[PDB]
Amino acid sequence: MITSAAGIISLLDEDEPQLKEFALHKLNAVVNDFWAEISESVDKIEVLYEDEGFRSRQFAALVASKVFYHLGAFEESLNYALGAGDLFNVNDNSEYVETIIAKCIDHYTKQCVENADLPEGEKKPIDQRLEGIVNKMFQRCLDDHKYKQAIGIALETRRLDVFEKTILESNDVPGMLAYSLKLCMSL
Amino acid sequence: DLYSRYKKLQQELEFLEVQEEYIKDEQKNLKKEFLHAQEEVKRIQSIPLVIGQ
Amino acid sequence: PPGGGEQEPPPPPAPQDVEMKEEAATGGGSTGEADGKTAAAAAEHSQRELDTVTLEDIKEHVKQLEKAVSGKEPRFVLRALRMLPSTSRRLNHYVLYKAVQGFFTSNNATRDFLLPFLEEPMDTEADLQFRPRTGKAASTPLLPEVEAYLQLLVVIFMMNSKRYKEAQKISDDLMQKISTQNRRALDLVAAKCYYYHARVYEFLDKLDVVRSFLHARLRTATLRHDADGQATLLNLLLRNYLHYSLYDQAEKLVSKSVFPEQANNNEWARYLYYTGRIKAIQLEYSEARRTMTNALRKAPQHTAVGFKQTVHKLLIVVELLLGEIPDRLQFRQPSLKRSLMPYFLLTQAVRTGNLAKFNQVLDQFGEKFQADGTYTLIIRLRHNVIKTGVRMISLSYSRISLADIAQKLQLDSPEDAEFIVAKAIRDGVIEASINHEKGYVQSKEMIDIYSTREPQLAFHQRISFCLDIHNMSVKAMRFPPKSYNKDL
Amino acid sequence: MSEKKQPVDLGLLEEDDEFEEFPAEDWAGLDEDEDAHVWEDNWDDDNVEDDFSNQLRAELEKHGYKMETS
C-alpha cells in the first residue's frame, strides 16, 4: 500500500512494540516494493535484534536478512537468516526463499569442504537448526530422489552417514553404484 | 547426468584456469627471448666493413 | 479519378519487398547463426536489432494504407510449423501461401480479427523446440505495427495486447531462466515494450501495479547479471520518478551500486540526462555541470538535434546560475536556436543583472519557462540575480563606493552592502580579505591561478586522474584487439 | 530505443503550430547578414551588441564632447 511513507520508520523507532508488530507485518508487504525505505531503519532493527527484550527474533531476522541481500552482501543476510532461530516456512516458488536457501546450501557445503581436510582439532561449531533446514529440503528432494542429484548432493555435503539412507530405497542398485563411482572419479 | 554435469565441468574449469599462469609465463618470457635474439642478430652487424656497389 | 485509380496500385506495396527481405535476413541469419551454438554467440545481432528499431521508428509506411492494405496483419511467420521434421513440403508451402494471395484478390480486414493471436503458442510456436526465441522474434517485431496510431480507441486493444503479452510471457516467464542470447535480447526488448506502453500508462490512469512489481521482476534478475537489462529497467522507473518524487532520503545514495560495464552508446547519455535532471535541483556546480556537459558532448550516433536540445536548455539554465553563461557556439542546427530564442534575451540579461526592469520583463513575454510549472528555478533565479551580481563584484575591483557602485547595483546602504558582501565571502566560492581601518572594506581578491604556487600539490590529482583515464584508454586499445584476435 | 524522441518532436510540431514561419523570417533578417560567418565569434558580438542595445551604443563620438568635461 504505502511507498514513500516514513511513518513506519518512526513506528520502528518507537517503544511499546505491541503496536510495532502489525506495523512490521504490514512492512513485510511493501518490503518487496521498496527495500530502500528500510535502509535507515536497519540499524534500529539490528539494535532490537541484539537484546532479548523483544519476544520474536525471527520477525526482525527475516526483515534484516531480506533487506541485507537487497543492500549489502549475502553473508550478512545469511548470518541473521541462520541466526533466526526457530522458523516455520512452507515451500514457495518465490525468489527470496530459493535464493536464501541457495546461499545457505552453497555456504554449507563450502564449510563442509573447509572442514573436509581437517578431520580432527579446531572443529568449527555447527548449529542443529542449520542441519535441520538443510536436511528438510534434502529429504524433500530425496523422496523419489529423481534418480539424479541424490548421490550428487550426498557426495557434495561430505558427510559420512548421509548416503546410507539414500541407497535404502532405489531402483537398479548396481547402476546407482556405478553411476555413483562414475560421478566420484570425475571430481 | 544432469547434476553430474556440474561436477564433471569443474575439472574443465580448473583445467582452463591453470592455463592462465602458463600463458603469462610464455608471453613474459618469449618477449625477453625475442629481444635477446634481436640483440643477438643486432650485434652481428659491425661498423667496420667493405663497401661494394 | 481515372488517373489516380490507374496509378493507385503501385505505391502502397513499396516497403513490402525490403521488409520481407529484412525480416528474412535478420531472422534466418540470427537463428541460422545461433542454431549450432546459442550459448556461444552473445549480443552479436543486438546492435543490428536496435539499429533496425531506431531506423523503423521514423517509418512513413502507413498513410493511405488504412483501406484494405491490412491483409498483411492476419498472415504471419509460419516457419516449419506443427512438425519438427519433413520441412520440404513446408518449403513448398512458403511459396504456396504467398502465391495464394497473388492470384486475383484476397479477403482483408482491420479490427475484425485481432485477439486470437495466441492460438499457435498454445501448442507450438514454430518448431516445438526453439519456441521462446522464434516466438519472440515472431510476435515482437510485428506488434508495434498493429499497435501503431495510439489514438482513436486503440487503448482497449492496447490493453488486450498488454494482458496477452503478460499471460504468454511477461506475467512471470515461460520458464525459470532462459540464460541465453535470446534472454539478453529479451531484456532490452521487454524494456522497449515497457517504454512503448508507458505512454498509455501516463495517458489517463496511474500506476498501482506493473512497475511496482517490476522491482520483484528485477530481483527475481540475479546479481551476477551484467545489469544491462537491470539498468534499462531502472531507466523507466527513474523516469517514472522524474516528474514527482521530492523524497531524496533513500534512492539517492541507496540506488548507488558497483556500476558494472555498460555502453550501448545510448543509455549512458539518457541515464546521465536523468540523474543530471535529478541532481540539477540542488544546483551542483562541480559534478553535475561537467558531467551533464560531457553527456551533451556524447551520443553523436543518431540525433543530437531533437534530443540534446532539452538537456542543452537545462544546461544553460543551470549555467547562468553561476553568473557565467556560455552560449551555443560549435553546434549549428535549426532547432536549439528556435528553442532558445525566447530564453536568449533573458539569459543574455543575466550578466547585466537589473532587478527592477527584468522583473517585469520576464513575466511580460514569459511563456515556456514559466510553463515548466511551480515557478521554482525562476523564483530562485530572481534573487539569484543579486548573488551572481555580487559575484561579478567579486570579479570586479576591491574598493566599494557608497555612491557610484551602490547606484550601479541599484542598492544604496552602508549595512546591507558589507553584509551581502560578507554573505558572498562565507560561500567559499571566492577569495577576499576583510579589513576595517577608516570604515571602508577592502579585499585582496586575488584570482591568480596555481602557477608557481605549490605546483606539485596543485596538479597532483590532475596528473593522477588524467593518467588513470589514459591508462584505461590503454586498456581500451588493449582488450578490443583481443576481441578481434579471439576467433583468429 | 530512441522512441522517447517522439513526444519531443510532437512538442516541436506544437511550437511550429503556434506561429507559422514568423520567427524564421524575423530572425532571417539578422541571419542573412550573419550567414557564412563563424558562430563562435558571434557570441561576443551579440553580447556586446545586446549590451549596448539599451544605451551608449556608439559612444565614440561622445568622447570628443567628454574631453573637456572629463
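Chain C uses Swiss-Prot numbers throughout; the residues present, in order, are 18-505.
Quick reminder: no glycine exception, Cβ is built from N, Cα and C everywhere.
Copied over from Swiss-Prot:
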CROSSLNK  C:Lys38  SUMO2 cross-link
CROSSLNK  C:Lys38  SUMO1 cross-link
DOMAIN    C:286-465  domain 'PCI'
MOD_RES   C:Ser418  phosphoserine
MOD_RES   C:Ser430  phosphoserine
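The CA atom of the residue listed as 'SUMO2 cross-link' is located 78 Å away from the CA atom of C:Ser418 (phosphoserine). Taking the Cα atom of each, C:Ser418 (phosphoserine) and C:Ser430 (phosphoserine) are about 10 angstrom apart.
C:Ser418 (phosphoserine) falls within neither a helix nor a strand when secondary structure is assigned with DSSP, and so counts as coil. DSSP assigns C:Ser430 (phosphoserine) to coil in the three-state reduction, placing it in neither a helix nor a strand. Contacts of C:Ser430 (phosphoserine) defined by a Cβ separation under 8 A and a same-chain sequence distance of 6+ are given as C:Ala423, in order along the sequence.
Most buried of the recorded positions C:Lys38, C:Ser418, judged by other Cβ atoms within 10 Å, is C:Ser418.
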